Amino acid sequence: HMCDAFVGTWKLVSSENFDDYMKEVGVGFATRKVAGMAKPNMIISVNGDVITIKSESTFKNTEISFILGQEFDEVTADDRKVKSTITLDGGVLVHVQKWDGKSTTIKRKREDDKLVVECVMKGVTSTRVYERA
Ligand SMILES: O=S(=O)(O)CCCSc1nn(-c2ccccc2)c(=S)s1
(Lines give C-alpha, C1' and ligand atoms only; values in the text may rest on other atoms or scores of the structure.)
Protein backbone atom coordinates (compact mmCIF):
# COMPACT_ATOMS: atom_id res chain seq x y z
CA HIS A 1 0.00 0.00 0.00
CA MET A 2 3.12 1.63 -0.85
CA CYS A 3 2.36 4.77 -2.78
CA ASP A 4 -1.36 4.07 -3.11
CA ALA A 5 -2.34 7.69 -3.30
CA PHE A 6 -0.01 8.20 -6.28
CA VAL A 7 -1.36 5.31 -8.36
CA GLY A 8 -3.50 6.19 -11.31
CA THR A 9 -3.63 8.18 -14.51
CA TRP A 10 -2.88 11.87 -14.25
CA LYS A 11 -2.96 14.74 -16.78
CA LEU A 12 -0.82 17.93 -16.65
CA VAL A 13 -2.94 21.01 -16.04
CA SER A 14 -0.48 23.80 -15.13
CA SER A 15 3.15 24.56 -15.31
CA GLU A 16 5.27 27.36 -13.92
CA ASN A 17 8.88 28.22 -14.64
CA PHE A 18 9.51 25.07 -16.64
CA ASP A 19 11.47 26.84 -19.39
CA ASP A 20 13.86 28.24 -16.79
CA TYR A 21 14.21 24.83 -15.13
CA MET A 22 15.00 23.24 -18.50
CA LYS A 23 17.57 25.98 -19.24
CA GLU A 24 19.23 25.31 -15.90
CA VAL A 25 19.42 21.58 -16.71
CA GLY A 26 21.02 22.33 -20.06
CA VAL A 27 18.15 21.63 -22.50
CA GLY A 28 18.67 23.38 -25.85
CA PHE A 29 16.35 25.83 -27.53
CA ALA A 30 14.42 23.57 -29.88
CA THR A 31 13.80 20.88 -27.30
CA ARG A 32 12.70 23.46 -24.75
CA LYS A 33 10.17 24.95 -27.16
CA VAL A 34 8.66 21.62 -28.19
CA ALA A 35 8.84 20.00 -24.81
CA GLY A 36 7.35 23.05 -23.14
CA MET A 37 4.12 22.66 -25.25
CA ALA A 38 3.51 19.09 -24.11
CA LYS A 39 0.65 18.15 -21.78
CA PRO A 40 1.78 14.72 -20.61
CA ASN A 41 -0.29 12.03 -19.08
CA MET A 42 1.54 10.43 -16.12
CA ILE A 43 0.58 6.82 -15.32
CA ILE A 44 1.78 5.50 -11.94
CA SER A 45 1.40 1.87 -10.92
CA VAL A 46 2.78 -0.42 -8.25
CA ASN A 47 3.33 -4.19 -8.41
CA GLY A 48 4.96 -5.56 -5.27
CA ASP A 49 8.05 -3.47 -4.57
CA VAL A 50 8.29 -2.17 -8.12
CA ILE A 51 6.91 1.28 -8.93
CA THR A 52 6.39 2.26 -12.58
CA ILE A 53 6.00 5.86 -13.75
CA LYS A 54 5.12 6.37 -17.43
CA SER A 55 4.85 9.72 -19.18
CA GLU A 56 3.04 9.82 -22.53
CA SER A 57 2.96 12.99 -24.59
CA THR A 58 3.18 14.23 -28.13
CA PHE A 59 6.88 15.02 -27.41
CA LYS A 60 8.08 11.77 -25.95
CA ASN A 61 6.92 8.62 -24.25
CA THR A 62 9.10 7.63 -21.27
CA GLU A 63 8.87 4.93 -18.64
CA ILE A 64 10.82 4.15 -15.48
CA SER A 65 10.46 1.20 -13.15
CA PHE A 66 12.30 1.13 -9.83
CA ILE A 67 12.53 -0.03 -6.25
CA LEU A 68 12.74 2.65 -3.60
CA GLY A 69 16.33 3.36 -2.56
CA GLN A 70 17.89 1.35 -5.39
CA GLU A 71 19.78 3.31 -8.05
CA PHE A 72 18.95 2.81 -11.72
CA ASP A 73 19.96 4.18 -15.05
CA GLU A 74 17.42 6.55 -16.76
CA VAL A 75 17.35 8.27 -20.17
CA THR A 76 15.37 11.47 -19.65
CA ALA A 77 12.97 12.98 -22.16
CA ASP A 78 15.68 15.51 -23.12
CA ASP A 79 18.16 12.66 -23.68
CA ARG A 80 20.37 12.92 -20.61
CA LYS A 81 21.82 9.64 -19.40
CA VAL A 82 21.40 9.89 -15.68
CA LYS A 83 21.77 7.75 -12.56
CA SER A 84 18.56 8.01 -10.55
CA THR A 85 17.55 7.12 -7.01
CA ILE A 86 13.98 7.52 -5.75
CA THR A 87 13.00 7.36 -2.10
CA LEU A 88 9.89 8.17 -0.04
CA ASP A 89 10.47 10.96 2.51
CA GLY A 90 7.54 11.65 4.67
CA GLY A 91 5.07 10.72 2.02
CA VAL A 92 6.88 12.61 -0.84
CA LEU A 93 8.59 10.71 -3.67
CA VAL A 94 12.06 12.24 -3.95
CA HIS A 95 13.87 11.53 -7.25
CA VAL A 96 17.52 12.53 -7.58
CA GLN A 97 19.22 12.43 -10.99
CA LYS A 98 23.02 12.58 -11.31
CA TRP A 99 24.94 13.13 -14.55
CA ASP A 100 28.14 14.85 -15.63
CA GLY A 101 28.83 16.03 -12.10
CA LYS A 102 25.42 17.73 -11.93
CA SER A 103 22.31 16.90 -9.90
CA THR A 104 18.59 17.70 -10.06
CA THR A 105 15.79 16.66 -7.74
CA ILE A 106 12.16 16.02 -8.65
CA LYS A 107 9.63 15.78 -5.83
CA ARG A 108 6.16 14.32 -6.35
CA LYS A 109 3.45 14.78 -3.71
CA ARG A 110 -0.25 14.51 -3.30
CA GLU A 111 -1.95 17.79 -2.38
CA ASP A 112 -5.76 17.76 -2.26
CA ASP A 113 -6.91 16.04 -5.45
CA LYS A 114 -3.72 17.03 -7.30
CA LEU A 115 -0.35 15.48 -7.83
CA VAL A 116 2.23 18.26 -7.61
CA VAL A 117 5.67 17.83 -9.22
CA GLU A 118 8.48 20.19 -8.14
CA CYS A 119 11.65 20.14 -10.20
CA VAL A 120 14.74 21.86 -8.78
CA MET A 121 18.09 22.60 -10.36
CA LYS A 122 20.33 24.80 -8.31
CA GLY A 123 18.25 27.82 -7.38
CA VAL A 124 15.56 27.26 -10.02
CA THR A 125 12.26 25.53 -9.27
CA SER A 126 9.46 24.57 -11.62
CA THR A 127 6.06 23.45 -10.41
CA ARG A 128 3.96 21.09 -12.58
CA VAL A 129 0.45 20.29 -11.41
CA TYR A 130 -1.45 17.16 -12.45
CA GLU A 131 -5.19 16.28 -12.04
CA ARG A 132 -6.74 12.82 -12.31
CA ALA A 133 -7.47 11.95 -15.92
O1 LIG B 1 7.21 17.71 -14.64
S2 LIG B 1 7.13 16.43 -15.30
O3 LIG B 1 6.94 16.47 -16.72
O4 LIG B 1 6.20 15.53 -14.59
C5 LIG B 1 8.83 16.04 -14.93
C6 LIG B 1 9.89 16.94 -15.54
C7 LIG B 1 11.42 16.74 -15.24
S8 LIG B 1 12.46 17.04 -16.57
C9 LIG B 1 12.22 17.25 -18.16
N10 LIG B 1 10.86 16.80 -18.44
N11 LIG B 1 10.79 17.05 -19.92
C12 LIG B 1 9.58 16.71 -20.46
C13 LIG B 1 8.99 15.50 -20.18
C14 LIG B 1 7.79 15.21 -20.78
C15 LIG B 1 7.20 16.16 -21.59
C16 LIG B 1 7.79 17.37 -21.79
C17 LIG B 1 8.98 17.64 -21.18
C18 LIG B 1 12.07 17.58 -20.47
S19 LIG B 1 12.27 17.90 -22.08
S20 LIG B 1 13.11 17.72 -19.25
Side-chain angles (χ1 to χ4, degrees):
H1 294 254
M2 101 134 201
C3 294
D4 275 3
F6 295 100
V7 163
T9 308
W10 300 90
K11 60 176 186 282
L12 184 71
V13 300
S14 73
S15 181
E16 286 290 353
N17 298 317
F18 192 58
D19 191 60
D20 274 28
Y21 171 78
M22 286 191 289
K23 283 187 176 178
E24 210 68 8
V25 169
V27 183
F29 179 94
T31 298
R32 292 198 315 277
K33 300 295 110 152
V34 169
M37 292 297 301
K39 292 294 177 147
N41 287 145
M42 184 177 44
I43 307 121
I44 300 179
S45 58
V46 178
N47 182 326
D49 292 337
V50 182
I51 303 164
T52 301
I53 302 177
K54 295 179 52 171
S55 180
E56 295 181 340
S57 72
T58 65
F59 171 59
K60 211 74 63 188
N61 300 320
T62 65
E63 177 176 331
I64 59 172
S65 292
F66 60 89
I67 296 173
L68 296 169
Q70 301 194 2
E71 185 169 59
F72 61 99
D73 287 307
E74 176 183 9
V75 183
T76 65
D78 62 306
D79 284 328
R80 289 173 285 127
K81 293 59 188 167
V82 312
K83 283 179 187 304
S84 288
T85 309
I86 303 180
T87 56
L88 222 22
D89 171 28
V92 179
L93 283 166
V94 180
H95 178 178
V96 184
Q97 296 177 332
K98 302 302 192 182
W99 76 106
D100 294 350
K102 299 172 191 172
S103 188
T104 187
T105 297
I106 302 163
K107 290 181 184 186
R108 299 171 174 97
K109 64 186 71 146
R110 276 295 306 275
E111 286 194 17
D112 303 312
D113 288 319
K114 300 171 151 49
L115 191 168
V116 178
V117 183
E118 293 169 355
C119 304
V120 175
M121 174 72 186
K122 294 154 81 195
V124 177
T125 306
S126 171
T127 301
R128 311 262 286 179
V129 178
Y130 291 76
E131 290 213 343
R132 291 228 179 236

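Note that these values count all heavy atoms, side chains included, but never hydrogens, waters or copies made by symmetry. By convention here, the first residue in the shown sequence is residue 1.
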Exercise. Is a side-chain N or O of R110 found less than 3.5 angstrom from the main chain of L115, in a donor-acceptor match?
Worked result: no
Exercise. Of all heavy-atom pairs between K114 and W10, which one has the smallest distance, and what is that distance?
Worked result: C-CZ3, 4.0 Å
Problem set entry | Salt-bridge contact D78-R80 (side-chain N to carboxylate O under 4.0 Å) | yes
Problem set entry | Between CD1 on residue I67 and CE on residue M2, distance to nearest 0.5 Å | 8.5 Å
Exercise. Passes salt bridge (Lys or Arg N to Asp or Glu O under 4.0 Å), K83 versus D73? Steps please.
Worked result: CA-CA 5 Å; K83 283 179 187 304; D73 287 307; 2.7 Å; yes
For this session: Would you mind reporting whether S103 and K98 have side-chain heavy atoms less than 4.5 Å apart?
Result: yes
Exercise. Is the closest side-chain heavy-atom distance between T76 and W99 below 4.5 Å?
Worked result: no
Exercise. Could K109 and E118 be called an ion pair, given the rule that one side-chain N must be under 4.0 Å from one carboxylate O?
Worked result: yes
Exercise. Do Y21 and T104 have a side chain donor and acceptor closer than 3.5 Å?
Worked result: yes
Exercise. Any donor-acceptor pair under 3.5 Å linking the side chain of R108 with the backbone of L93?
Worked result: no
For this session: Keeping the roles fixed (side chain from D79, backbone from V75), state whether a donor-acceptor pair exists under 3.5 Å.
Result: no
Exercise. Is there a donor-acceptor contact under 3.5 Å from the side chain of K107 to the main chain of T105?
Worked result: no
Exercise. Counting heavy atoms not belonging to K122, are there more than 12 under 6.0 Å from its NZ?
Worked result: no
